[PDB]
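Engineer: in the first instance, please consider these chains from the complex; the rest will follow:
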Amino acid sequence: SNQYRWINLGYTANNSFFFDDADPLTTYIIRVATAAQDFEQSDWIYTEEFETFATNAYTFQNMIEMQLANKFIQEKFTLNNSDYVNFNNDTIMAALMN
């Protein structure tokens, strides 16, 4: 109450929203509450003061013929830097490698 501020992450119509950002080794202490049209807001509830990990992790599946460059893994996934290549945005390309 001398700290934490709070940061609203928005509201959800189903339980268990998935959260992003939260720079490593920081954040923690999520808190939730319920509300409705005709009801007064309930009381906050705290979760067990967690902490984020060092980097990130993934286990991905694809064809066995295909292989992935370690940069595309490090940039986009294990370091979670988007906009490196956004398949929703960029045009990609393909080449035949003699």
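Structural biologist: Right, received. Where do you want to start? Numbers count the residues shown, from 1 in each chain, chains lettered A, B, ... in the order given.

Engineer: looks to me like residue A:39 is in a helix.
Structural biologist: No: judged by DSSP: H, G, I helix; E, B strand; the rest coil, residue A:39 forms no part of a helix; its state is coil.

Engineer: what's the local residue count around it?
Structural biologist: Residue A:39 has 8 neighbouring residues, counting by other CB atoms under 10 Å. No exception for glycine: its C-beta is placed from N, CA and C like everyone else's.

Engineer: between the two ends of stretch A:34-47, how far is it?
Structural biologist: From its first residue to its last, stretch A:34-47 covers 15 Å (CA to CA, to the nearest Å).

Engineer: that stretch: which residues count as buried?
Structural biologist: Residues of stretch A:34-47 classed as buried: none (neighbour count, 16 or more other CB atoms under 10 Å).

Engineer: does the residue nearest the centre of chain A sit in a helix, a strand or a coil?
Structural biologist: The geometric centre of chain A, computed from its C-alpha atoms, lies nearest to residue A:20 (CA atoms, centre = their mean), at 2.9 Å. Following three-state DSSP, residue A:20 is assigned to coil.

Engineer: ok, it to residue A:36 distance?
Structural biologist: For residue A:20, the distance to residue A:36 equals 27 Å [CB to CB, to the nearest Å].

Engineer: how many residues are close by residue A:77?
Structural biologist: Residue A:77, neighbours per other CB under 10 Å, totals 17.

Engineer: with adjacent residues omitted, what lies nearest to residue A:11?
Structural biologist: residue A:35 (7.7 Å; CB to CB, 6 or more residues apart in numbering).

Engineer: dump the residue contacts of that neighbour.
Structural biologist: Neighbouring residues of residue A:35 by CB atoms under 8 Å, 6 or more residues apart in numbering: A:11, A:41-42.

Engineer: let's put chain B on the structure above:
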Amino acid sequence: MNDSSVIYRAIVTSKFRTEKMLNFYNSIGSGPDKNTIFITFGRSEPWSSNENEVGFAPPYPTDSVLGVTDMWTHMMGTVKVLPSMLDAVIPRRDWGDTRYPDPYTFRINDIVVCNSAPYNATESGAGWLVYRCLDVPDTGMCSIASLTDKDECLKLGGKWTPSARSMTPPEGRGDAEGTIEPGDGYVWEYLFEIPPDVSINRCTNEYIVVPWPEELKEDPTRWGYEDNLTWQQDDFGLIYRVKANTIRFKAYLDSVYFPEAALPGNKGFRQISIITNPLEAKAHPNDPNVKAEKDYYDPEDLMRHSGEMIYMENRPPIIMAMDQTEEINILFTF
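Structural biologist: Once chain B is put in with the chains from before, the structure reads:
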């Protein structure tokens, strides 16, 4: 019990709070079954050494008979509360007054009065018209209570301070069926009539009166109906739609009715109760018994501890000098 396999949800709503109140007043009447009410007055004992002052307070009464018994010892006289004197009330918010903190605003569902005063007066042949309540806030500009903002968050959340003033908040009797929306937003839903005579009498600086059913169903057009098609929807009556949910009754204590007691020095120390259905002295004890219908019974003739004591209070001095009437307001949510 706790954490059962099955979990159920029950509102109890609002109306039960009001409808339960209606049954209280619906028998106050005259007869053996109608259990009339009587207020009562207080103690002559200096009650302490520090008695007259601001700090300190009477001791908290006790519901036990040991506390029930001392009143009839220390009590003088009981004024009666007629059926007509008790009244159901509402906080009386009004637009335009500068004295009360927020001049207009009046977020979402709120009760307003106007045409009661210099500032709000309009279209007055009808006196107070105004118990109408706000159906919807005006468009945007609401920054509400949390982070989110827009015409959305009333649903997942609290109430809108619209941040914009209202103008021309007077209104007609209303639109056909649903009601008027004169300005920007601030739709208004017209709620009954309130003629002037009952105003200056049974209203106050705080609150206001609403008629009971059995009056309006009896007489439209005094309290001013037949404009309302939604009336025939659910009979007359409407104490519910206002969501009254509170009842107060008052009593006039005139030192004339209690000429004894009212002498140069009477200190009327605390104790001011309420009670129900008392009885007469009975003359000699063997006899039949009668319900007590006559106003301002003296403490004697009441069959000490007749009826049951329904309320208690302690106000340390009061005054109760002769020729100064005394008006007691007590407010219950039942």
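
Engineer: and the neighbour count of residue A:39, now that chain B is part of it?
Structural biologist: Residue A:39 is flanked by 9 other residues according to other CB atoms under 10 Å in any protein chain shown.

Engineer: swap in residue B:60?
Structural biologist: Neighbours around residue B:60, by other CB under 10 Å: 8.

Engineer: who's in contact with stretch A:85-98?
Structural biologist: Outside stretch A:85-98, the residues within contact range by CB atoms under 8 Å, 6 or more residues apart in numbering or on different chains are A:72, A:75-76.

Engineer: which ones among those lie within strands?
Structural biologist: Among the contacts of stretch A:85-98, no member falls in strands (DSSP state E).

Engineer: out of the residues you listed, which comes closest to chain B?
Structural biologist: The nearest member of those to chain B, counting by CB to the nearest CB, is residue A:76 at 30.8 Å.

Engineer: how far away is the residue lying closest to that closest one once chain neighbours are set aside from residue B:17?
Structural biologist: Closest residue to residue A:76 apart from its sequence neighbours, by CB to CB, 6 or more residues apart in numbering or on different chains: residue A:84 at 5.0 Å. In this view, residue A:84 and residue B:17 are 61 Å apart by CB to CB.

Engineer: and the residue of chain A closest to chain B?
Structural biologist: Closest point on chain A to chain B, by CB to the nearest CB, is residue A:8, at 4.1 Å.

Engineer: next, give phi and psi for residue B:23.
Structural biologist: Per-residue torsions, residue B:23: phi -60, psi -30 (degrees, to the nearest 10).

Engineer: could you pull out the helices for chain A?
Structural biologist: Using DSSP state H, the helices of chain A run over residues A:70-73.

Engineer: which residues of it lie near chain B?
Structural biologist: A:8, A:10-11, A:35-37, A:41 (CB under 8 Å from any CB of the partner chain).

Engineer: okay, now chain C:
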Amino acid sequence: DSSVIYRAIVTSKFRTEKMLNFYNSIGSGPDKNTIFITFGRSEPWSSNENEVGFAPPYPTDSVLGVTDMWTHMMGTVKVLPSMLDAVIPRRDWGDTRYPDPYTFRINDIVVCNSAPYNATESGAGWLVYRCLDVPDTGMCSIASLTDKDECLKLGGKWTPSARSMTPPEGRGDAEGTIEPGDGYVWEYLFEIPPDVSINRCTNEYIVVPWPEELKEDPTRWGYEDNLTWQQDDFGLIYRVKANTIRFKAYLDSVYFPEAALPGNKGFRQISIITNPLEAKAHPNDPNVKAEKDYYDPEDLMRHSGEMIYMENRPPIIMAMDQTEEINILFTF
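Structural biologist: Adding chain C to what we have so far:
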């Protein structure tokens, strides 16, 4: 803060009157409310209903929440005044299945004479006693203090540290004392006839009579003898400080027109509405107030009357056995 200050509390007796006001409010003529129980909600919600927990949709009191209800109502029953009853918490003397079997606070009503482990009089009656005092030993209530009397002044609730041997045996007030033996001064208050106890009293609550059935005889209730400085003190509903009322009805009494639907698919939500109007063909008719005994909800006007209570519950499918029971116990 320096101002006149007044310290005031509504007495418990206010409640029992309010309770007595809800009763007597049931009658045929106007100014007498008529209550209905409604079930409805045939269609199941979601798919997680029939599972464990999961909660129902929480019911709301708005106009939208009322409108759909009237669309789903399967059936209703009219509550007659006879099937409503006063009730109070029952503490059976010397029963081991409830706390403090042999010990008692200063004033606690305790029924005895039912089941063998308490005997007292025979000829049944289910005698009841207020307990006016307790042996003085053992530390009790606020802080420490020591002795009973000083713990009785300055408020306090004294718990006797000595088990009370034997139930109250007598018919009249203050049956204790008057002998070197221990025990404390129970005070007889009325009696429960055996016939009513098998029906009207469950094991959680014992009935206390309305100040009506005590007339058309007192004797059945064992109240036929009393001190009564007043000609009557007739209603004792105040003596017990009865704070609550209890409803009972058999589901065979509720009326389901379809008669195969409530059984196959349960009524998922129950609500009780007041003062419905009869079916009106068109808004060409005068407003009439509902009477007779059954009312297929088709004959009830939509939004016809106001509803004090909504419940939402998982399916509660019902068998057609001639006994299953509503409860709905009000705490007024």
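
Engineer: please re-evaluate the contacts of residue A:35 in the presence of chain C.
Structural biologist: Per CB under 8 Å, 6+ apart, neighbours of residue A:35: A:11, A:41-42, B:156-157.

Engineer: also residue B:207?
Structural biologist: B:89-92, B:248.

Engineer: and it, how close does it get to chain C?
Structural biologist: 19 Å (CB to the nearest CB, to the nearest Å).

Engineer: count the residues that sit near residue B:186.
Structural biologist: 25.

Engineer: quick one, phi psi at the residue lying closest to residue B:127 once chain neighbours are set aside?
Structural biologist: Of all residues not flanking residue B:127 in the chain, residue B:196 sits nearest, at 3.2 Å (CB to CB, 6+ apart). Torsion angles at residue B:196 (phi, psi; degrees, to the nearest 10) stand at phi -70, psi -30.

Engineer: surely residue B:196 meets residue B:125?
Structural biologist: No: applying CB atoms under 8 Å as the test, residue B:196 and residue B:125 come out as separate, 9.5 Å apart.

Engineer: closest one to chain C out of the contacts of residue A:35, please.
Structural biologist: residue A:42 (11.8 Å).

Engineer: so what's that closest one up against?
Structural biologist: A:33-35.

Engineer: which of the contacts of residue B:207 sits closest to chain C?
Structural biologist: The closest of the contacts of residue B:207, once distances to chain C are taken by CB to the nearest CB, is residue B:248, at 13.2 Å.

Engineer: around chain C, which positions in the stretch 101-250 of chain B sit nearby?
Structural biologist: B:214, B:232-235, B:240.

Engineer: can we see that at 6 Å?
Structural biologist: B:235, B:240 (CB under 6 Å from any CB of the partner chain).

Engineer: interface residues of chain A facing chain C?
Structural biologist: Counting by CB under 6 Å from any CB, chain A sits next to chain C at residue A:38.
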